[PDB]
Each structure stands twice: as C-alpha cells, then as structure tokens.
Ligand SMILES: [Zn+2]
Ligand SMILES: [Zn+2]
Ligand SMILES: [Zn+2]
Ligand SMILES: [Zn+2]
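Chains as they are written, first to last, in my numbering: chain A, 97 to 450; chain B, 2 to 351.
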C-alpha cells in the first residue's frame with residue numbers, strides 16, 4: 097500500500113495531505129530507470145498559482161497525497177540503455193506532462209499536450225508525484241535538453257509561464273520582426289511575453305490598469321509604448337494599430353477595447369482566467385475579422401524549441417529563490433501576487449533527507 | 002455621368018422601393034459594362050434601406066450581388082470579351098496602395114468602396130446597366146446558373162472564406178454548422194464538397210429533418226438538449242455559426258476538439274458571454290468573418306461551378322421587391338430572393 101514501498105527508487109519531498117494545502121515532508125518511491133528513462137537529481141522546482149489551486153483542491157478533483165512540481169530542472173544521474181539525448185551530468189527539464197497515449201491524432205501530430213490521455217507530471221490527470229522531491233525519472237521523450245548557457249534557477253519557470261506565452265506567439269504568427277505586439281498585464285506571464293516579443297523583434301506595447309507599471313515597463317523591459325486601459329483618449333489613439341495582444345490579466349476586465357486596438361486580421365490571445373466571463377459583441381469580432389484565442393501550456397516540440405530560443409537570446413524569468421521549508425509561506429504570497437514574479441524552490445540545497 | 006441608366010431605389014427610411022433614374026460613367030480602359038440579368042438581395046438590404054444603423058445615403062439603390070452579360074469593354078481589359086457573363090460582389094474599389102490591399106485582402110481596407118454606396122458615393126446593381134473596374138468583376142463559368150448562383154457573391158463567399166482561412170476545407174474533418182438559413186445552407190454545401198463529415202446544430206427539431214433529407218447531413222445536435230450536446234463534446238474541428246439570435250457559444254466551444262475553431266457569421270444584439278476556461282481548456286479560438294477578397298471570390302465561384310453548388314432561391318419580379326423586404330424581416334424565404342431584372346425591370350415611360 098504505502099507509497100515508499102511501491103517502487104524500488106526511494107524518494108522524498110513535500111506533499112499536501114488534504115485540502116488545507118499544507119505541504120509537509122513526504123516519503124514515496126519512483127520506478128527504476130528503464131531503458132528509455134532519464135533519472136535526475138532535482139535542483140530547482142518552480143511553482144505558481146496552479147499549485148495553490150490544486151493543493152487547496154479548488155476544483156474538487158485533487159488526489160491526496162499531492163506532490164507539486166510541473167516545472168523542474170536538475171542534473172542527470174542515470175540514463176537507460178537506449179537513451180540518445182542525455183548523458184550522466186547533463187542538465188534536464190521537465191514540464192507539465194510526462195506521458196500521453198502516443199497513438200491518437202494529437203500525439204501523432206506532435207501536439208500531445210492535447211491528448212485526452214495526457215499524463216500530468218504532478219498527477220492531477222493520472223497517478224504520479226510531481227518533481228518537488230530529491231529524485232525524478234521521466235521517459236526521454238518528455239525530457240527537455242537543457243543547455244549550459246540557460247541558468248537553471250531563473251530558467252525553470254520557462255517550462256510553465258514561458259511556454260504559455262511562447263506557444264501562441266509562434267502559432268498565431270506574432271513572432272515576426274517589426275510587428276506591433278501588445279501585452280496586457282505585467283506579471284508572471286506578461287514579463288516573459290515581453291522578453292520573447294522583444295527577442296522576436298516586435299514593437300511592444302504594455303497595456304495596464306496601473307500607471308506605476310509604466311516606468312517599470314520602460315526602464316526594465318525596454319517597452320516602446322504604454323497604454324493605460326482606464327484612459328479612453330490614450331486607448332482610442334492606438335485603435336487599429338496592434339497585430340496582436342497577449343492578455344495576461346487575471347482580474348475582471350473588458351476585451352472590447354483590446355479588440356478595437358487590433359488591426360484587421362489581428363489576434364487577441366487570452367492567458368489569464370478571470371472569474372468574470374468576457375462579454376464579446378459579435379460586431380467587435382466581425383469588424384476586421386479578428387480572433388480571440390485561449391492558450392495554455394504547449395507541446396514537447398514547442399517546449400524544446402522555446403528553451404533553445406531562450407538560451408540563445410539570454411531570456412530568463414524574474415524569480416525569488418526560496419528554501420523548501422518556505423513553501424507554505426510562498427503559497428500565501430502567491431494568493432496575494434506578492435512575488436516578483438515567480439517562486440523557485442532550491443531543492444538541491446535545501447531539501448534534506450528525513 | 003453620360004451612361005443613361007434606371008433602376009429601383011429607396012427615398013427615405015420607410016425602405017419603400019420605386020423606379021429611380023440615374024447614370025454611370027462611360028467605360029474607362031480598365032472597365033466592364035454589362036446588362037444586369039439577376040440581382041440578389043438579403044437582410045443587409047432590408048437593414049440599409051430602413052436605416053437601421055443611421056448612416057444610409059439616400060436615394061439608395063440596392064444591389065451588391067449581381068450578374069449579367071458584357072455589353073462593352075475598355076482598351077486594356079484582359080479578363081472579358083463582349084457577350085460573356087460576369088458578376089459583381091459587395092465592393093467595386095479600394096485604396097490599392099495599403100497593407101490589406103497589397104496582400105490581397107482589400108475587403109479589410111478602411112477606404113473600401115461598397116457597390117451599393119454606403120462606404121462611398123455609389124449606386125448598386127438593381128438597375129438595367131452596370132459598369133465596374135475589371136479587377137472587381139468575377140469571370141462567370143458557363144455551367145454555373147446565374148439565377149441560383151448570384152447569391153454566392155454574398156452568402157457564398159461569407160461561408161467559403163473562413164472555411165479556407167481556418168483550414169476547415171480538408172477531407173475527413175468534423176465541421177459543425179449552427180443554423181440552417183441562408184448562410185447555413187451554403188456552408189453545408191461547401192463543407193460537403195471539401196469532404197467533411199457535417200453536423201447541423203440547431204434550436205429547431207424541424208431543421209433536423211430538413212438537414213438529413215435535403216442536405217445529406219450526418220449528425221444533428223439540438224442545442225436546447227444538454228444530454229445530446231454532452232455526447233458530442235470534443236468531436237468537431239470547426240464550427241461555422243450562422244445563428245442571428247441571442248445564444249450561448251459556451252456549448253459550441255465545448256463541441257470543439259483541442260485547437261478547434263468557432264467562426265461567428267451571425268450578428269446577435271446580445272453579446273456572447275465567454276468564460277476564459279471555455280477558450281483555455283483546449284486552446285480554442287473564436288473568430289469573426291464577413292465577406293472576403295476578390296481572389297477568394299473568383300476561386301469560390303470556380304469551386305462552386307466545379308462541384309455543382311448553387312443557392313436555393315426564390316426568383317421574383319421587381320414589383321415584388323417591397324413584399325420581399327417584409328419576408329426577409331420574417332425569415333420566410335428559401336433561402337435568398339433573386340430579382341429577375343432582365344425580364345421584369347421595365348424602362349420608364351416618356
Ligand atoms: Zn507553474
Ligand atoms: Zn494521444
Ligand atoms: Zn447580400
Ligand atoms: Zn487599401
């Protein structure tokens with residue numbers, strides 16, 4: 097029965113035992129390194145609002161005991177006999193999923209993140225324990241080749257917040273030099289969205305409800321224009337100018353002004369999840385043939401491509417590195433967005449054997 | 002202008018149509034002049050004639066979907082000879098020198114010239130003679146009937162364009178059509194010819210029988226039954242939604258596979274309530290679409306001819322036009338009125 101006795105590789109980390117979401121030391125086990133597997137010592141594990149939501153069981157479908165960790169990097173300790181991509185001592189990353197059915201339309205076409213049988217790394221779809229623990233093991237297919245010129249501690253949120261912004265920027269053709277790209281909201285998702293857009297060669301506009309952020313965007317993100325969305329004169333002046341908009345705002349807001357900012361054939365991408373639904377008048381879409389698209393996560397192909405891109409363009413996240421016994425306080429901070437902009441748990445140095 | 006013409010026009014916002022004399026330009030070097038044989042009409046003309054939106058230039062000659070026969074041509078005209086058949090859709094000019102123009106989507110130009118005069122100072126094709134720049138004239142194939150083909154230049158292009166733009170034109174795909182009206186019935190016909198397994202989505206049980214029996218539609222979902230809608234969750238590559246009435250699209254997004262596309266073609270007054278999770282779970286999109294470009298329109302006409310696609314139409318004499326307008330209001334026509342200008346437009350008495 098007991099998780100530590102199931103498999104032969106003994107592991108330890110931190111787990112939520114109930115819907116209170118309190119993380120505490122947890123012993124468990126993982127499979128032996130099979131022929132196609134990559135075992136690794138976890139060095140850093142990102143976290144974010146998704147883990148707050150899951151750990152407190154916001155959707156009523158969490159399986160306790162729950163071990164977070166959908167954005168992890170570490171150092172390879174063992175490789176199976178048929179592994180190509182890694183040798184022992186190489187760095188590796190694991191994102192949101194570790195498996196899929198490998199046979200459906202989605203899998204066959206390299207978009208296996210959309211597999212109805214996708215296997216979440218943290219085991220919210222399936223039975224699995226996430227990488228906030230000492231040792232991880234993963235099928236080669238689902239392991240990111242992590243280059244030595246991409247810092248681990250500040251790179252790790254690319255596997256969560258990064259791919260989320262990068263994927264739609266490529267999918268909707270918002271990655272060409274000289275395009276005008278808007279980002280709404282300068283937080284976890286938006287800050288990386290800006291760094292990607294800049295690297296693609298876009299003229300970047302920050303759209304925001306707070307003037308505080310204007311100076312930040314200009315000084316620290318090289319942002320070209322700032323639009324305060326509560327200022328209609330400012331907003332109206334940029335009508336029909338943006339090729340696309342990455343909307344990261346989690347608060348209730350209207351997207352009709354955002355649709356109006358787009359050129360004809362332009363794209364609104366929604367990445368935040370307000371509790372308030374959006375009100376979308378048919379005419380706002382039909383005038384100029386505009387689209388609104390949602391996006392979460394990305395494929396393995398897209399995730400490797402992004403990490404390669406980030407390494408080459410020196411793109412990392414703003415992070416606060418924390419010891420693992422700070423996890424429960426970090427969750428409180430995530431609740432209040434009191435982090436600039438992502439927590440990264442230093443597992444390598446601060447997780448000790450029980 | 003010197004070319005002496007006559008047609009029908011509305012004078013005030015009553016929307017009443019009567020004989021109206023006017024004139025067009027002589028044929029320039031890039032121009033095609035034709036005798037009008039058929040003139041499509043639709044809800045757009047009802048709205049513009051009654052000044053729904055408040056920016057209608059009177060007197061208003063309708064006719065944004067017309068066909069006929071070439072009478073004369075300009076010096077530098079390549080695409081037409083005299084006696085050929087020809088069509089004109091919803092715009093006759095654009096600025097030519099902008100981004101939207103250079104890339105072949107001039108319908109998105111902000112200085113775009115409407116055939117009916119609405120963006121511009123023009124008179125539409127509900128009249129004896131037309132003249133248009135050759136770029137904005139469609140080459141009409143001999144095996145496409147004129148009377149039943151003319152509404153393609155409006156309803157046809159409107160359904161065809163997004164089917165192409167959003168990759169919903171591949172054989173084998175599961176394509177939903179919501180609403181079986183004017184747009185709906187041509188959307189079904191195009192999707193069938195592309196090779197798709199078509200599902201009709203409708204609020205009306207009457208439409209189930211119509212879809213199977215008359216369009217060879219595979220599947221039907223009633224959108225007021227949650228149990229039937231639940232059973233098709235995550236099965237469709239795209240939906241073409243033509244419904245003009247207030248309705249939720251949260252169920253429609255739910256019908257889409259991951260990476261699936263919802264195309265809005267109707268224009269309800271009620272806005273759509275769209276929860277973020279409905280777009281985000283599956284990475285789905287909602288896009289608007291009306292009309293299309295000249296390249297696409299010509300291409301759509303060749304495809305319609307090649308695959309025996311026409312609209313269902315009621316051909317009407319011109320003195321029925323005012324009655325036709327109450328019937329367009331009541332949604333009482335299967336599925337588009339086509340005015341027999343060629344046989345029924347009389348020349349005004351001297
Ligand atoms: Zn995360
Ligand atoms: Zn699969
Ligand atoms: Zn029409
Ligand atoms: Zn133009």
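Just so it is clear, CB atoms sit at the ideal spot from N, CA and C, and this is done for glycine as well.
Here the alpha carbon of residue 322(B) sits roughly 52 Å from the alpha carbon of residue 302(A). At a C-beta separation below 9 Å, residue 106(B) has these neighbours in chain A: 360, 361 and 385. The alpha helix (DSSP H) runs lying completely inside the segment 187-236 of chain B and spanning 4 residues or more are 206-216 and 227-231, given in chain order.
The alpha-carbon separation between residue 37(B) and residue 340(B) amounts to approximately 10 Å.
Look at residue 151(A) here: in three-state DSSP terms it is helix.
Those residues whose C-beta sits under 7 Å from the nearest heavy atom of ligand 2 are, from N- to C-terminal order along the chain, 196(A), 197(A), 198(A), 199(A), 200(A), 202(A), 203(A), 208(A), 211(A), 212(A) and 213(A). Using a Cβ-Cβ cut-off of 8 Å, residue 265(B) counts as an interface residue toward chain A, since at least one Cβ of chain A sits closer than that to its own. Remark: C-beta atoms of residue 427(A) and residue 148(A) approach each other more closely than 8 Å.
Inclusion of residue 166(A) in the 7 Å shell around ligand 1 follows from its C-beta lying nearer than that to a non-hydrogen atom of the ligand. Spatial neighbours of residue 163(B) in its own chain (CB-CB distance under 6 Å, excluding positions within 5 residues in sequence) are listed in chain order as 264 and 290.
Under the three-state reduction of DSSP, residue 304(B) is assigned to helix.
For residue 36(B), the enclosing beta strand (DSSP E) covers residues 32-41. For residue 373(A), the chain B residues whose C-beta falls within less than 7 Å of its own C-beta are 274, 275 and 276, listed in chain order. In terms of Cβ geometry, residue 71(B) and residue 84(B) form a close pair [threshold 8 Å]. The C-beta separation of residue 161(A) from residue 112(A) comes to about 7 Å, placing the pair in contact by the 8 Å criterion. Taking every protein chain shown into account, the CB of residue 224(B) has 16 or more other CB atoms within 10 angstroms, so this residue is buried.
Residues of the segment 204-232 of chain A with a Cβ closer than 8 Å to any Cβ of chain B, in chain order: 207, 210 and 212. If you compare the alpha carbons of 239(B), 91(B), 268(B) and 24(B) with that of residue 254(B), the shortest gap goes to 239(B).
According to the DSSP assignment, residue 147(B) belongs to the alpha helix (DSSP H) that extends over 147-150. When the beta-carbon positions are compared, residue 33(B) and residue 151(B) stay at least 8 Å from each other. Here residue 323(A) really is in contact with residue 330(A); their C-beta atoms are around 6 Å apart, less than 8 Å. A straight line joining the alpha-carbon of residue 143(B) with that of residue 16(B) spans about 35 Å. With contact defined as three or more Cβ pairs closer than 8 Å, the segment 170-181 of chain B and the segment 309-323 of chain B are not in contact. Taken from the Cβ of residue 229(A), every heavy atom of ligand 1 lies 7 Å or farther away.
Secondary structure of residue 211(A) (DSSP, three-state): coil. In this structure, residue 292(B) sits near residue 108(B), with a CB-CB distance shorter than 8 Å. Look at the segment 190-203 of chain A: the residues with a C-beta under 7 Å from a C-beta of chain B are 202.
DSSP, read as helix, strand or coil, puts residue 416(A) in strand. Note on geometry: alpha-carbon atoms of residue 74(B) and residue 303(B) lie some 22 Å from one another. Of all alpha-carbon atoms in 330(B), 332(B), 259(B) and 288(B), the one lying nearest the alpha-carbon of residue 201(A) is that of 259(B).
Interface flag for residue 342(A) against chain B is unset, since no Cβ pair is found closer than 8 Å. Around residue 436(A), the same chain offers 414 as residues with beta carbons nearer than 6 Å, after the five sequence neighbours per side are excluded. Rounded to whole angstroms, residue 299(B) and residue 89(B) show a C-alpha spacing of 10 Å.
Residues of chain A with a Cβ closer than 8 Å to the Cβ of residue 280(B) are, in chain order, 366, 388, 389 and 390.
Annotation: residue 353(A) has no Cβ neighbours in chain B at a cutoff of 8 Å; minimum Cβ distance is about 14 Å.
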